[PDB]
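> Next input, structure requested:
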Amino acid sequence: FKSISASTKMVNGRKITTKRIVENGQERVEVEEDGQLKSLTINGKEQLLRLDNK
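Numbers count the residues shown, from 1 in each chain. The protein structure is shown below:
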């Protein structure tokens, strides 16, 4: 099931908020930078594409 977890941290006037969502073994991460998200990872594993089949 999807787990709705989140955390905040106002450091040096910098409200950092991380959105943890665990569903099907996928914990998404959304760190808030200056009130603006700029991070997106899953279980600490950035994903995008793989042009090289190898």
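
> need the contact list for the nearest residue to residue 43 once chain neighbours are set aside.
Nearest-residue entry for residue 43: residue 27, 4.8 Å, with adjacent residues in sequence omitted and distances by C-beta to C-beta, 6 or more residues apart in numbering. For every residue, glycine as well, the C-beta is placed using N, CA and C. By C-beta atoms under 8 Å, 6 or more residues apart in numbering, residue 27 lies in contact with 3, 20-21, 42-43.

> centroid residue for the chain?
Centroid check for the chain by C-alpha atoms, centre = their mean gives residue 29 as the closest residue, at 1.2 Å.

> what about the nearest residue to that residue once chain neighbours are set aside, how many neighbours?
Closest residue to residue 29 apart from its sequence neighbours, by C-beta to C-beta, 6+ apart: residue 41 at 4.3 Å. The local packing of residue 41 (other C-beta atoms under 10 Å) involves 13 other residues.

> next one: phi and psi at residue 41?
phi -140, psi 160 (degrees, to the nearest 10).

> Would you mind measuring from it to residue 9?
Using C-beta to C-beta, to the nearest Å, we find residue 41 at a distance of 17 Å from residue 9.

> Please apply the same query to residue 46.
21 Å.

> The nearest residue to residue 14 once chain neighbours are set aside in helix, strand or coil?
Distances taken as C-beta to C-beta, 6+ apart put residue 34 closest to residue 14, at 6.5 Å, once the chain neighbours are dropped. Classification of residue 34 using DSSP: H, G, I helix; E, B strand; the rest coil returns coil.
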